[PDB]
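The chain below stands alone, shown as structure tokens; this is the form deposited without this ligand.
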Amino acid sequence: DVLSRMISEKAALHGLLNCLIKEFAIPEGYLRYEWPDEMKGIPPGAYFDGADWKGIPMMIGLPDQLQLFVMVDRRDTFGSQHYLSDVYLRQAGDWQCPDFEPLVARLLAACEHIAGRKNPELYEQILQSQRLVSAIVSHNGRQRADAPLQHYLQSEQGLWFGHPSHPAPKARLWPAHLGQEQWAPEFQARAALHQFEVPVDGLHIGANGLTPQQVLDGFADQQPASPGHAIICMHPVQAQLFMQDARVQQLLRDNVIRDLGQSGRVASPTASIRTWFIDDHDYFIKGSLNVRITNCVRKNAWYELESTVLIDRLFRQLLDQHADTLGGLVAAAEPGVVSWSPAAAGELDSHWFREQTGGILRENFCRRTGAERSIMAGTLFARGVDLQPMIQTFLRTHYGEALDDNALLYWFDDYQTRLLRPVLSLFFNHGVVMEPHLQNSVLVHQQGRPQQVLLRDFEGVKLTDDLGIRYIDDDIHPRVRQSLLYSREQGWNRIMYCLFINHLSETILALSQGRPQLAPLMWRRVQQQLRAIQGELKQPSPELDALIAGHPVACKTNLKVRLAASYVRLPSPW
């Protein structure tokens, strides 16, 4: 219990450190890889192991004269490195190692002095998130540390720390009465989904390769529905918020709709919380949840429910008709969408009801791939309850021995090509902007060897205004079209961050933990892969040229955006 608290604080601190390094120190030039002139306050065991220095010193000198010291295993331009000591703070006095909360307080105040703007809400989110990770580790600390990597659902239920470059990755504002553990994947939550009986004249159903009834069937068994009615499902927390609304109370009172309780399919929430998994079912069920997670209430709007159908259609056409220009793309289909609103509702009431009741079927790819062969990428490259990258033991078990350098380099090569070739082919050949971050990527493997990196989530897919746009029919509603369109520039900036900083930085760090020498080798292979992709490309790709040539890389901010700034630039690995 003390151990779990100490594990959770170390993880939280490393999360915040990552943010400070990427979003401020590196781009503003506050970082130096040097020893302080005076070390008074730092014990020798912090930076010295009896033989040599514990890696490399890192100095961060902030404009309010707070200095931070930590030992790191490498110099990395993207600010990806393992922290080899406790963090030491010195103000304009001696070095101290404060407790978790006093340190977070001091560090945040420094960032606020840079940004100009203070944020007291964020400080409590950071503390709450750490407290939640503590209970997570305490709950899960009995099992093998690499158990999240053995089963697909376990990988969705095994992202103990969340986004590893985020100030408060487990911040969640649940409705007042609930508590954090109840609907948390990290506590292996299961629940029967909530159901409503609703009249079919209020239904809006998008279907690709399915009939509207097959889509309904996918969300809920329709047997309880009376004639003229269908059954729809909802997150049980969402259902309770839904029913707090007087419009819903009225409909219930007039028997227009019917509350069927938690009588839906028993499902398990995935890492994204509002998407549910069922083992022997053909679909994931993604519903609306009006809960603020990582400081954001993400709703699926009506126009987002509309563009899902269009994007699913697009991907099916591209997979069928344009395979030679998709770089081996493998993506999960989203062939069904449902929402409900009263037939005679006005526009604004109709938009509200459809946002509340919105539901999306995603292809359950496990049925094809096997649960023991599919791992969500974020968990794959995450740390276990012992704070070690889980992938190291996962790989050793599969290969039959402790992987040497050569085997890790080979594995990285097979992984990265299967991520980069599909994503960059979609973007440059077709103007399709994927969101290939760790949560939206799934490794399919054979005895540990990468086979596919399956891509997920049409919700964030965009189409470029100079190319991807042509897949939108002139007949589509303007708000849906606006919802889809990015500029080429917007697309590439997002791709830059997602592919290299969000995704492959974490992959390389996780693989190279005790072997920092491997990082530049792995990045050098990325550079060469990008060259090979560029020759493979059909349409022109000057952005790819610039990347290859060493142009600085766009980095999305997670802390700096909260003190506002949404992007910074990080120097290239080559």
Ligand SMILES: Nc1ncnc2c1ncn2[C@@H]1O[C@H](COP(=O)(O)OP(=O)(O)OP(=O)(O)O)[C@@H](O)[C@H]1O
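Under this definition, the rigid core comprises the largest set of C-alpha atoms superposing within 1.5 Å between the forms. Only residues modelled in both forms are compared. Each residue number is its position in the shown sequence, starting from 1.
Same protein, other form: the form solved in complex with this ligand, not shown, and the subject of what follows.
J.: Is there any non-hydrogen atom of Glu459 lying within 4.5 Å of this ligand in the bound PDB entry?
T.: Yes, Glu459 lies within 4.5 Å of this ligand in the bound PDB entry.
J.: With the partner left out of view, is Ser272 within 4.5 angstroms of this ligand in the bound PDB entry by any non-hydrogen atom?
T.: Yes, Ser272 sits close enough to this ligand in the bound PDB entry that at least one of its heavy atoms falls within 4.5 Å.
J.: I'd like to know whether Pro389 contacts this ligand in the bound PDB entry, with contact meaning heavy atoms within 4.5 angstroms.
T.: No - in the bound PDB entry, heavy atoms of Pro389 and this ligand never come within 4.5 Å of each other.
J.: Evaluate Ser339 for contact with this ligand in the bound PDB entry, applying a 4.5 angstroms cut-off between non-hydrogen atoms, and reply yes or no.
T.: Because no heavy atom of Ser339 falls inside 4.5 Å of this ligand in the bound PDB entry, the answer is no.
J.: Is it the case in the bound PDB entry that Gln154, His445 and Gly448 each bring at least one heavy atom within 4.5 Å of this ligand?
T.: Looking in the bound PDB entry, the three residues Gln154, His445 and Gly448 all stay beyond 4.5 Å of this ligand (heavy atoms).
J.: Based on heavy atom distances of 4.5 Å or less, which listed stretch (93 to 101, 437 to 445, 399 to 407, 143 to 151) is in contact with this ligand in the bound PDB entry?
T.: Contact criterion met by 437 to 445 only.
J.: Would you mind picking the one in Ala371, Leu485, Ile293, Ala115 that has a heavy atom within 4.5 Å of this ligand in the bound PDB entry?
T.: Only one listed residue qualifies here, and that residue is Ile293.
J.: Quick one: of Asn502, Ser85, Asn364, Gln130, which gets a non-hydrogen atom within 4.5 angstroms of this ligand in the bound PDB entry?
T.: After the contact test, the surviving option is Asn502.
J.: Counting only heavy atoms, which residues in 151 to 183 are within 4.5 Å of this ligand in the bound PDB entry?
T.: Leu159, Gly162, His163, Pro164, in sequence order.
J.: Core fitted, what stretches of 3+ consecutive residues have C-alphas moving by 2 Å or more between this form and the one not shown?
T.: Run 294 to 296 stands out as the only one displaced between this form and the one not shown - at least 3 residues long.
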